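The primary structure of each chain is shown beneath.
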Amino acid sequence: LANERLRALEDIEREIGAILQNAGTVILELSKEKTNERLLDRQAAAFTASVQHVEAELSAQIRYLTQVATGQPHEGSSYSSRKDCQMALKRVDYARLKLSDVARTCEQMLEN
Amino acid sequence: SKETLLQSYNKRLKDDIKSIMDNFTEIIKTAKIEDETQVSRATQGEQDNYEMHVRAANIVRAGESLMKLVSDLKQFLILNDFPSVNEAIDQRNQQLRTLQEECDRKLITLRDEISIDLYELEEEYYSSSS
Amino acid sequence: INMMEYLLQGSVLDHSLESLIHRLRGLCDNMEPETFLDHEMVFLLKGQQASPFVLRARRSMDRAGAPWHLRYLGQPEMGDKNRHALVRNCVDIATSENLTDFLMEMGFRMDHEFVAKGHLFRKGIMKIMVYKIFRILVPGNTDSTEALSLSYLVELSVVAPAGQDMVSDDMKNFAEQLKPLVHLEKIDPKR
């Protein structure tokens, strides 16, 4: 559950990285002198690698979603266990109130 | 249908990647300096400035659309990826069963201790002389 | 009256099986799977007719105290009343455990044994069984067994009264809810 969702979070961050690499590449090209042309090539390869693996991750996840889609609303649930747990907790609360009352009558008896 | 929605997601992804690549390549191509002929330097330069700004805006818009696609895919996964619903349901069920069993063990031990105290109190009260 | 069995059949390779099961746990009723383990043996009576009578006997090995089960399956109806399911006549009978001995007195002889081990789900009237067929060699023993193939078999079955339409259409829709994972279809028993 955290796996595919964390993949989606990573692809969010890498879309940001793609835009920042676009911006950094045209930043270096706008310079009056741009000595680090090797670093320009590195930023260009970084940009294209970012776009390519963003495409790879999203295509893979659309494929995986195509494999496990059904168009049906999933008739499973967990309601009955929550109901039984609520009844158990209210049993405990009822016993707590009754124990408070018995202890209060014991304090009234011992108090005199 | 589900197939139709998945196709639409595929179409959006292909379109966004294509748009980012095309806009960046076109900006790089315009960035070429060429010799002028019948273009009047000043007009050519303003037109080029407008083109670059519009293409950068288009790249940012494509990034926003990719964010929208990621959000829609996340919603689809949270709503109808059957395996994870089953593991969530099973984990919830097992946790609630353990809480119920703890409550019932506490109550049963309480009943036994209270019963022993009740036996002592019954003996004392009924055998009181008064 | 005479009840009819509607069948759709298919198969599923085992390494994708779990996804099927997860899909079924979404679509079928709010239940845990059942994990049945059954011994099935087929008796036949070589009468005067060209077609010998056939009877299926199942002992549920996993559950103690489960009554044995007899099943007579009629030959499939060639009428195109329900076009999409195997429509057969089914007579299903719960029985005591001396059945085999009794069937030996009736003139019946065994043909083959097979274990079937798998899962069981349901949806309304529909019964989904996803099981692996295990060949028994050393015919008395139920432990000496070998898997028949890599694939599991998937059966979608509805037992219900004679005629009784708008049944096969719901089975069509429930089969089409699985269609990326399984292909279920009316397969004829010939060849």
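We count residues from 1 along each chain, following the written sequence rather than the entry's numbering, and we skip any residue without coordinates. In the order they appear in the text, chains get letters beginning with A and ligands get numbers beginning with 1. What is shown is a subset of a larger assembly, and the numbers refer only to that subset. Calculated side-chain values reflect all of the structure's heavy atoms, with hydrogen atoms and water omitted.

This entry lists cryo-EM as its structure determination method and reports a resolution of 4.4 Å.

Chemist: Mind laying out the overall build of chain B, listing which residues take part and the relevant values?
Modeler: Under the DSSP-based scheme used, a helix requires at least four consecutive residues in state H or I and a strand at least two consecutive residues in state E, with every element numbered from the N terminus. Helix and strand content of chain B: 3 helices and 0 strands. In terms of overall size, chain B is more extended than a compact globule, its C-alpha atoms giving a radius of gyration of 37 Å where 130 residues would be expected to give roughly 14 Å. Principal-axis analysis of the C-alpha atoms gives chain B an extent of 125 × 35 × 20 Å. Going through the 130 residues of chain B one by one, you find that 25% of them count as buried. Note on definitions: a residue-residue contact is assigned when non-hydrogen atoms from the two residues lie within 4.5 Å. Restricting the contact set of chain B to residue pairs at least 6 apart, pairs at least 24 apart contribute 83%. Between the two quantities, the radius of gyration covers C-alpha atoms and the globule rule is 2.2 Å times the number of residues to the power 0.38. Here's how the labels work: a residue is buried when its accessible area is under 20% of the maximum for its type, exposed when over 50%, partly exposed in between, all with a 1.4 Å probe on protein chains only.

Chemist: If you had to explain the packing of helix 1 (residues 2-30) of chain B against helix 2 (residues 41-80) of chain B to someone new, which residues and values would you point to?
Modeler: Residue and element names in this part refer to chain B. Between helix 1 and helix 2, the least distance of the axes is 9 Å, while the angle of their chain directions is 155°. It follows from the interaxial angle that helix 1 and helix 2 lie roughly antiparallel. When the axes of helix 1 and helix 2 are compared, the crossing they make is left-handed. For this scheme, ten residues count as nonpolar: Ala, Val, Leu, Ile, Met, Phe, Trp, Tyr, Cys and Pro. Four count as charged, namely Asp, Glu, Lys and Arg, and the remainder, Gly too, count as polar. When grouped by side-chain class, the residues that make up the contact of helix 1 with helix 2 number 15 nonpolar, 6 polar and 8 charged. Simply put, an axis is a line fit to the C-alpha atoms, just over the touching stretch for a helix, and the angle between two N-to-C directions goes from 0 to 180 degrees. Any angle that is under 35 degrees is reported as roughly parallel, and any over 145 degrees as roughly antiparallel; angles of 65 to 115 degrees are reported as roughly perpendicular and all others as oblique. Here a crossing is called left-handed whenever its near helix is offset anticlockwise from the far helix by less than a right angle, and right-handed whenever the offset is clockwise.

Chemist: I'd like a rundown of the interface of chain A and chain C, residues and numbers included.
Modeler: The partner chain C presents 9 residues to the 8 residues of chain A that form the contact. A quick way to say it: buried area is the sum, across both parts, of accessible area lost when two parts are put together, with a 1.4 Å probe. Overall, the association of chain A and chain C removes approximately 700 Å² of surface from exposure, summing both partners, and the carbon and sulfur fraction of that is 43%. Considering only the side of chain A, the residues that lose the most area to chain C are A:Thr70, A:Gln72 and A:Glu75, jointly responsible for 56% of the buried surface there. Any carboxyl oxygen of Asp or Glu that lies within 4 Å of a side-chain nitrogen of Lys or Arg is treated as forming a salt bridge with it. Counting across the chain A and chain C interface gives 1 salt bridge.

Chemist: Please give an account of empty space enclosed by the protein that cites residues and values.
Modeler: The rule is simple: put a 1 Å grid over the protein atoms alone, call a set of points where a 1.4 Å probe fits but cannot get out a cavity, call an open set with protein on both sides within 12 Å along at least five of seven lines a pocket, and count a residue as lining if it has an atom within 4 Å of a point. Grid points are joined across faces, edges and corners, and a volume is the space filled by probe spheres set on the points. Under the definition given, this model contains 3 cavities of 30 Å³ or more. If you go around the largest cavity, the residues you meet are A:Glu4, A:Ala8, A:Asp11, A:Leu58, A:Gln61, A:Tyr64, A:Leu65, B:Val70, B:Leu73, B:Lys74 and B:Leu77. Every element with two or more residues in the lining of the largest cavity is listed here: helix 1 (2-30) and helix 2 (37-67) of chain A together with helix 2 of chain B. Of the residues in the lining of the largest cavity, the class split is 7 nonpolar, 1 polar and 3 charged.

Chemist: Before we move on, could you go through the nonpolar core and cite the residues and values that matter?
Modeler: We call a set of buried residues a nonpolar core when its members are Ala, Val, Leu, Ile, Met, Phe, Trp, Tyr or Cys and they connect through side-chain atoms within 4.5 Å of each other. C:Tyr6, C:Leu24, C:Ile128, C:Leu156, C:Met171 and C:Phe174 are the most contacted members of the largest nonpolar core, which has 29 residues in total. When contributions to this core are tallied by element, the ones reaching two or more residues are strand 1 (3-12), helix 1 (17-27), strand 7 (126-136), strand 9 (152-161) and helix 3 (168-176) of chain C. Counting 25 residues, the second-largest nonpolar core is a separate cluster that includes B:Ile27, B:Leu66, B:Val70 and B:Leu77.

Chemist: Tell me about unusual backbone geometry, residues and numbers included.
Modeler: Negative phi is the rule for most residues except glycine; trans is the rule for most peptide bonds. Look at A:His74: it is not a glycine, yet its phi comes out positive at around 60°. Here A:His74 lies in the loop between helix 2 and helix 3 (79-110). A residue is classified by how much of its surface remains accessible, and A:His74, at 10% relative accessible area, is buried. The phi torsion at B:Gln38 lies on the positive side, around 60°, for a residue other than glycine. Among the secondary structure elements, B:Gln38 is positioned in the loop between helix 1 and helix 2.

Chemist: Describe the environment of A:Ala23, and please don't skip the residues or the numbers.
Modeler: Residue and element names in this part refer to chain A. Take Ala23: it is sitting in helix 1. Take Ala23: its relative accessible area is 37%, and that puts it in the partly exposed class. Here the alpha-carbon distance between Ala23 and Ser80, two residues 57 residues apart in the chain, equals 55 Å.

Chemist: Describe the pairing of strand 9 of chain C, naming the residues involved and giving the relevant values.
Modeler: Residue and element names in this part refer to chain C. Of all 10 residues that make up strand 9, 7 are buried, and the element is covered over most of its length. Pairing between strands is defined by DSSP: at least two bridges between the two strands are required. Inspection of the sheet shows strand 1 paired to strand 9 by 10 bridges, in the antiparallel sense. By the bridge assignment for strand 9, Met3 is matched with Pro161. Pairing geometry for strand 7 and strand 9, over 5 bridges, is antiparallel. Each bridged residue has a counterpart across the sheet, and for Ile128 the counterpart in strand 9 is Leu156.

Chemist: Could you give me a rundown of the UniProt feature "coiled-coil region" in chain B, with the residues and numbers involved?
Modeler: UniProt positions are given in the numbering used here, feature names are shortened, and annotations may be inferred rather than shown by experiment. Mapped onto this structure's residue numbering, the UniProt feature "coiled-coil region" falls at residues 84-113 of chain B. Each end of residues 84-113 of chain B is marked by a C-alpha atom, and these two atoms are 44 Å apart; helix forms 100% of the span and strand 0%.

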